Structure formats: structure tokens, C-alpha cells
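Trainee: Supplied in C-alpha cells, the structure appears directly below.
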Amino acid sequence: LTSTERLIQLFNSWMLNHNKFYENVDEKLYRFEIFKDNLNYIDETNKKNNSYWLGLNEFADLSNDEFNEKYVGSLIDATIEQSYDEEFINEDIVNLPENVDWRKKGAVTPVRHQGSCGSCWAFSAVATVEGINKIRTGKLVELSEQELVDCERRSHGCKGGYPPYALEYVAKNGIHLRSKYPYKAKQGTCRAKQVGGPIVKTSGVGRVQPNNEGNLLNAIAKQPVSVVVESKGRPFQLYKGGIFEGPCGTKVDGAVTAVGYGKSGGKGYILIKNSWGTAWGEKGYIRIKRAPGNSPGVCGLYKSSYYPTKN
């Protein structure tokens, strides 16, 4: 029962350590109650003895339903796909690298925060291209996701999107500088035209053979791939570190960027850069378990991957 002062004192640090203010006293009271509940889920679950751990991250504050409301940032879907530029000339056989990490080769930008906007699709693409660019130009630069939300009207801004559409958009129109067309957390009129600075260009997009690990790994190996996953899970909400191995279903709702893969003695994984800031997961990133060869992947990870192709 002393525990109570302990908890209060504790909720308190978590608060300023994540720059959290509440206007009225009762909200804090409410928040505190949520927090407490979350914490319990976090213990019952860490005691489970799995390969990762949950924690008091950026979202400890919120309830699960509340979390999906403002941050899941959905995907939309098309059928009998447009049969893309270069159908990934099908891979499989391993005995290719052991560990890849496109951050070592200065090909990944700092991590970002998508706010209360369902723009993960835009963010995902921007990343994969920022990468394929440095792999060619030997120069890494900060591109604007904002353009994609405002132009590229096939996908619906904050209401969700489709990454391939975002990609085909570059092949056809290039893309501007983040510094020039900043991100604003809501869709505006496509100002692509009245904004200066160089524009990165590309030629096409490539679709990788789904539901197979080999195909993906080899793809990742050449450059960073945009891929999908089911992020609505409660575990996922409160992830802190490790090799996440569920629980999570295959009903995908978000776009992320796989920037590597590796193995930590026994367990193999794919390394992803997410759009939730640095206070979530491992400094913005998450490492997900690898399902071997044939399946949709853990949390439907293998389900849908694409990459820009540059001249």
C-alpha cells in the first residue's frame, strides 16, 4: 500500500521525461489510472519470458483504443496490382551477407514523428528513396513527405495511403527538399510548384515477391525496402526493445522502412525504422522476428514490399 506513493512519484518522472502537461487536475488522475493499468500489462507480459520486452514508452499515457485513434495511420488497398516496372527478378538462396545495416553506410536519415496523421505510407516511401539516392549519388539528403501528402491524390492524405502510388509519383515527378516543403501534420493544396530547391529523380518502382523471406532479405540487401505490418497490437503499442515475436495478427495497417536484417545468435530478424519518434522502441526502431522461407511473415511482414529503382 506504500506502493501508491512509489507509483505517483514514478508517474511523475515519466511525465517530465516525456514533456507531458495536463490543464486540469482530473485529467492527471485519469491518466494516472491508465498508466497503472498499462504497467500491469507490462509486467504480466515481461514475466512471460519471451525474446523482447515492453515498457513505459511514449504511449504509456494512453489507452489502446485511444492509441489506434491518433497513431495507427492506416493503409487503403487495390487489387490485381498494376504489374510493376521491374518484377523483382525472383531471389531465394541465402549465403549472401550475414548482417546489413544501411545506417553504417550513411544512407538513413534521423527518425521522425508522423503526429496525429495517418501518413505512414508517405514516410515509408520518402525513406526508401532517400536511401536508394545516396547509394547512387553518394550523397544523403532530407526529402519532403509533405509533398506526397499534398500531391499524389490517389491515396488520401491523413486518412491513409498506398506506398506504390507514392513511388510511381517520383518516377514521374521527382521530389523536393524537406527543408523547403516542411511536414505540417495535415494535408494542404499541392504547393509542389511554388517551392524551390533541387529535386531528386527516379526511374520506376520494383515489386518484390511476397510471402517469402529470401525474396525480401536479398531485396533489403541491395537497398532499403518499404514494407507493411499489423501495428494495432497492444504489445506493439508498448514495445521497448528486443526481437518482437508477437502476439500480433496479419491484418496490416501501416507502412514502415526495413533498413537491415541480422541475427543475434539463433534468432534472425529484420530491422525497421518507424515513424513514431525516438521515444518509442529502440530509439525509434524495432527488430522483428524472421519467419523462414514461406509464410506472410510475423505480423504479416512479408505481405507487401516495394522499392524505388534509380537510373
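Going by the C-alpha cells order, chains are called A, B, ..., each with residues numbered from 1, while ligands are numbered from 1 in the order shown.
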DSSP on the backbone: what in range 12-254 of chain A comes out strand (DSSP E), as a VMD selection string?
Mentor: chain A and resid 52 to 54 86 to 87 100 to 101 205 to 207 225 to 229 239 to 244 254
Trainee: Select from range 125-224 of chain A every residue with an atom at most 12 Å from any atom of range 286-307 of chain A, then for each give the shortest pair of atoms and their distance in Å to one decimal, using only C-alpha atoms, rows by chain and rising number, as CSV.
Mentor:
residue,atom,partner,partner_atom,distance
A:125,CA,A:307,CA,8.1
A:126,CA,A:307,CA,10.7
A:127,CA,A:307,CA,10.2
A:128,CA,A:307,CA,6.6
A:129,CA,A:307,CA,7.8
A:130,CA,A:307,CA,11.3
A:131,CA,A:307,CA,10.1
A:132,CA,A:307,CA,8.6
A:133,CA,A:307,CA,11.7
A:162,CA,A:304,CA,10.7
A:163,CA,A:306,CA,7.9
A:164,CA,A:306,CA,6.8
A:165,CA,A:306,CA,10.5
A:166,CA,A:306,CA,10.7
A:167,CA,A:307,CA,7.9
A:168,CA,A:307,CA,10.3
A:170,CA,A:307,CA,11.7
A:171,CA,A:307,CA,11.7
A:202,CA,A:307,CA,11.2
A:203,CA,A:307,CA,11.3
A:204,CA,A:307,CA,9.1
A:205,CA,A:307,CA,5.8
A:206,CA,A:307,CA,5.3
A:207,CA,A:306,CA,4.7
A:208,CA,A:305,CA,5.7
A:209,CA,A:305,CA,7.9
A:210,CA,A:303,CA,5.4
A:211,CA,A:296,CA,4.4
A:212,CA,A:294,CA,4.8
A:213,CA,A:293,CA,4.7
A:214,CA,A:293,CA,6.1
A:215,CA,A:293,CA,8.7
A:216,CA,A:302,CA,7.4
A:217,CA,A:290,CA,9.9
A:219,CA,A:307,CA,8.4
A:220,CA,A:307,CA,9.0
A:221,CA,A:307,CA,11.6
A:222,CA,A:307,CA,9.9
A:223,CA,A:307,CA,8.0
A:224,CA,A:307,CA,7.2
Trainee: Which residue gives the smallest distance to residue 137 in chain A among A:8, A:248, A:117, A:200, with only C-alpha atoms counted?
Mentor: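 When distances to residue 137 in chain A are compared using only C-alpha atoms, the smallest one comes from A:200.
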Trainee: Extract, using only C-alpha atoms, all DNA, RNA and protein residues at most 10 Å from residue 178 in chain A, discarding same-chain residues fewer than 3 positions from it, and format them as JSON, numbers by chain.
Mentor: {"A": [126, 141, 142, 143, 144, 145, 146, 147, 175, 181, 182, 183, 197]}
Trainee: Export, as a short mmCIF file (atom, residue, chain, number, x, y, z; two decimals), in the first residue's frame, the selected residues with C-alpha atoms.
Mentor:
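This is the output file out.cif:
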data_model
loop_
_atom_site.label_atom_id
_atom_site.label_comp_id
_atom_site.auth_asym_id
_atom_site.auth_seq_id
_atom_site.Cartn_x
_atom_site.Cartn_y
_atom_site.Cartn_z
CA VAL A 126 10.45 9.02 -48.56
CA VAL A 141 19.60 14.28 -48.34
CA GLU A 142 16.44 15.32 -46.46
CA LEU A 143 13.37 15.00 -48.69
CA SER A 144 9.78 16.19 -48.07
CA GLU A 145 6.97 13.74 -47.11
CA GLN A 146 4.66 16.77 -47.14
CA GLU A 147 4.76 16.90 -50.92
CA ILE A 175 10.52 15.14 -55.31
CA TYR A 181 8.35 21.80 -48.26
CA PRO A 182 8.22 21.04 -44.49
CA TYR A 183 5.87 18.47 -42.87
CA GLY A 197 15.39 23.71 -54.23
#
Trainee: Name all residues at most 10 Å from residue 101 in chain A (count only C-alpha atoms; drop same-chain ones fewer than 4 positions away) and give them as a list in words.
Mentor: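 With the cut-off at 10 Å, the set is residues 105, 106, 107, 108, 220, 221, 223, 224, 258, 259, 260, 261, 262, 270 and 271 of chain A.
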Trainee: Enumerate as an MDAnalysis selection string all residues of range 48-203 of chain A assigned to helix (DSSP H, G or I) by DSSP on the backbone, naming them with the chain letters and numbers the document uses.
Mentor: chainID A and resid 64:71 120:137 145:150 157:159 163:173
Trainee: Write out as a list in words each polymer residue whose atoms come within 7 Å of residue 257 in chain A, counting only C-alpha atoms; drop sequence neighbours fewer than 4 positions from it.
Mentor: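 Non-adjacent residues within range: residues 124, 127, 128, 224, 225, 226, 227, 272, 273 and 274 of chain A.
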Trainee: For residue 284 in chain A, list every protein, DNA or RNA residue within 10 Å, evaluated using only C-alpha atoms, and leave out those in the same chain fewer than 2 positions away; present the list as a PDB file with N, CA and C atoms, in the first residue's frame.
Mentor:
ATOM      1  N   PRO A 110      17.771  10.818 -39.836  1.00  0.00           N
ATOM      2  CA  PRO A 110      17.338  10.646 -38.439  1.00  0.00           C
ATOM      3  C   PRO A 110      15.867  10.171 -38.444  1.00  0.00           C
ATOM      4  N   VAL A 111      15.365   9.611 -37.347  1.00  0.00           N
ATOM      5  CA  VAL A 111      13.967   9.150 -37.329  1.00  0.00           C
ATOM      6  C   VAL A 111      12.998  10.333 -37.111  1.00  0.00           C
ATOM      7  N   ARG A 112      11.758  10.216 -37.607  1.00  0.00           N
ATOM      8  CA  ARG A 112      10.776  11.301 -37.483  1.00  0.00           C
ATOM      9  C   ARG A 112       9.468  10.921 -36.781  1.00  0.00           C
ATOM     10  N   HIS A 113       8.625  11.919 -36.529  1.00  0.00           N
ATOM     11  CA  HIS A 113       7.354  11.689 -35.867  1.00  0.00           C
ATOM     12  C   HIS A 113       6.170  12.153 -36.704  1.00  0.00           C
ATOM     13  N   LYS A 240       9.443  -1.817 -26.218  1.00  0.00           N
ATOM     14  CA  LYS A 240      10.613  -1.044 -25.804  1.00  0.00           C
ATOM     15  C   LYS A 240      11.884  -1.523 -26.512  1.00  0.00           C
ATOM     16  N   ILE A 272      13.717  -2.444 -38.658  1.00  0.00           N
ATOM     17  CA  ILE A 272      12.814  -1.431 -39.182  1.00  0.00           C
ATOM     18  C   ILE A 272      12.903  -0.076 -38.543  1.00  0.00           C
ATOM     19  N   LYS A 273      12.772   0.950 -39.381  1.00  0.00           N
ATOM     20  CA  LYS A 273      12.742   2.333 -38.941  1.00  0.00           C
ATOM     21  C   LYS A 273      11.256   2.688 -38.983  1.00  0.00           C
ATOM     22  N   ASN A 274      10.728   3.194 -37.865  1.00  0.00           N
ATOM     23  CA  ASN A 274       9.318   3.568 -37.716  1.00  0.00           C
ATOM     24  C   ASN A 274       9.158   5.102 -37.632  1.00  0.00           C
ATOM     25  N   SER A 275       7.910   5.572 -37.713  1.00  0.00           N
ATOM     26  CA  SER A 275       7.586   6.988 -37.725  1.00  0.00           C
ATOM     27  C   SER A 275       6.994   7.479 -36.436  1.00  0.00           C
ATOM     28  N   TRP A 276       7.405   6.906 -35.301  1.00  0.00           N
ATOM     29  CA  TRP A 276       6.833   7.356 -34.030  1.00  0.00           C
ATOM     30  C   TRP A 276       7.764   8.117 -33.104  1.00  0.00           C
ATOM     31  N   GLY A 277       8.823   8.678 -33.669  1.00  0.00           N
ATOM     32  CA  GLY A 277       9.763   9.431 -32.862  1.00  0.00           C
ATOM     33  C   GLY A 277      10.783   8.509 -32.238  1.00  0.00           C
ATOM     34  N   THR A 278      11.625   9.076 -31.393  1.00  0.00           N
ATOM     35  CA  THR A 278      12.660   8.302 -30.739  1.00  0.00           C
ATOM     36  C   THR A 278      12.320   7.782 -29.359  1.00  0.00           C
ATOM     37  N   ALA A 279      11.169   8.187 -28.823  1.00  0.00           N
ATOM     38  CA  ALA A 279      10.736   7.743 -27.500  1.00  0.00           C
ATOM     39  C   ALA A 279      10.010   6.400 -27.520  1.00  0.00           C
ATOM     40  N   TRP A 280       9.818   5.828 -28.710  1.00  0.00           N
ATOM     41  CA  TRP A 280       9.168   4.523 -28.890  1.00  0.00           C
ATOM     42  C   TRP A 280      10.236   3.491 -29.317  1.00  0.00           C
ATOM     43  N   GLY A 281      10.130   2.247 -28.848  1.00  0.00           N
ATOM     44  CA  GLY A 281      11.088   1.215 -29.227  1.00  0.00           C
ATOM     45  C   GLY A 281      12.548   1.560 -28.971  1.00  0.00           C
ATOM     46  N   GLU A 282      13.414   1.006 -29.813  1.00  0.00           N
ATOM     47  CA  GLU A 282      14.857   1.213 -29.696  1.00  0.00           C
ATOM     48  C   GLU A 282      15.269   2.453 -30.467  1.00  0.00           C
ATOM     49  N   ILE A 286      12.611  -0.885 -34.425  1.00  0.00           N
ATOM     50  CA  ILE A 286      12.128  -2.158 -33.892  1.00  0.00           C
ATOM     51  C   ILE A 286      12.724  -3.325 -34.700  1.00  0.00           C
TER      52      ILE A 286
END
Trainee: What does the distance from CA of residue 231 in chain A to CA of residue 157 in chain A come to in Å, to one decimal?
Mentor: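 Those two atoms sit 18.9 Å apart.
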Trainee: Any idea what's packed within 12 Å of range 41-50 of chain A, counting only C-alpha atoms, ignoring anything in its chain fewer than 3 positions away? Could you give it as a PyMOL selection string?
Mentor: chain A and resi 34-38+53-57+60+63-64+234-247+267+289
Trainee: Can I get the selection written as an mmCIF file, in the first residue's frame, with C-alpha atoms?
Mentor:
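After the write, part-v1.cif holds the following:
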data_model
loop_
_atom_site.group_PDB
_atom_site.id
_atom_site.type_symbol
_atom_site.label_atom_id
_atom_site.label_comp_id
_atom_site.auth_asym_id
_atom_site.auth_seq_id
_atom_site.Cartn_x
_atom_site.Cartn_y
_atom_site.Cartn_z
ATOM 1 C CA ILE A 34 -4.465 4.328 -17.424
ATOM 2 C CA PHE A 35 -0.751 4.342 -16.733
ATOM 3 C CA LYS A 36 -1.194 1.977 -13.805
ATOM 4 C CA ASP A 37 -3.206 -0.434 -15.915
ATOM 5 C CA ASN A 38 -0.612 -0.333 -18.697
ATOM 6 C CA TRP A 53 10.383 -6.507 -23.533
ATOM 7 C CA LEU A 54 7.543 -3.964 -23.182
ATOM 8 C CA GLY A 55 7.981 -0.703 -21.282
ATOM 9 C CA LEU A 56 6.889 2.753 -20.204
ATOM 10 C CA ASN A 57 7.488 4.372 -23.621
ATOM 11 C CA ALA A 60 2.341 4.643 -21.570
ATOM 12 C CA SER A 63 -5.228 3.505 -23.672
ATOM 13 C CA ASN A 64 -5.051 1.076 -26.579
ATOM 14 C CA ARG A 234 -1.155 -3.701 -27.527
ATOM 15 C CA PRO A 235 2.292 -5.341 -27.276
ATOM 16 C CA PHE A 236 3.309 -3.242 -30.297
ATOM 17 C CA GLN A 237 1.974 -0.091 -28.627
ATOM 18 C CA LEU A 238 4.169 -0.585 -25.616
ATOM 19 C CA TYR A 239 7.249 -2.095 -27.286
ATOM 20 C CA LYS A 240 10.613 -1.044 -25.804
ATOM 21 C CA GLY A 241 13.268 -3.385 -27.223
ATOM 22 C CA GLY A 242 14.240 -6.872 -28.390
ATOM 23 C CA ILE A 243 13.189 -9.325 -31.055
ATOM 24 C CA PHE A 244 9.434 -8.810 -31.220
ATOM 25 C CA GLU A 245 7.750 -12.175 -31.829
ATOM 26 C CA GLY A 246 4.065 -11.328 -31.319
ATOM 27 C CA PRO A 247 1.420 -11.635 -30.287
ATOM 28 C CA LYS A 267 17.154 -15.746 -33.674
ATOM 29 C CA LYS A 289 11.466 -11.918 -35.904
#
Trainee: What is the distance, in Å and to one decimal place, between CA of residue 186 in chain A and CA of residue 150 in chain A?
Mentor: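 Spanning CA of residue 186 in chain A to CA of residue 150 in chain A is a straight-line distance of 8.8 Å.
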Trainee: As an exercise, work out the distance from CA of residue 253 in chain A to CA of residue 72 in chain A in Å and give it to one decimal place.
Mentor: 6.9 Å
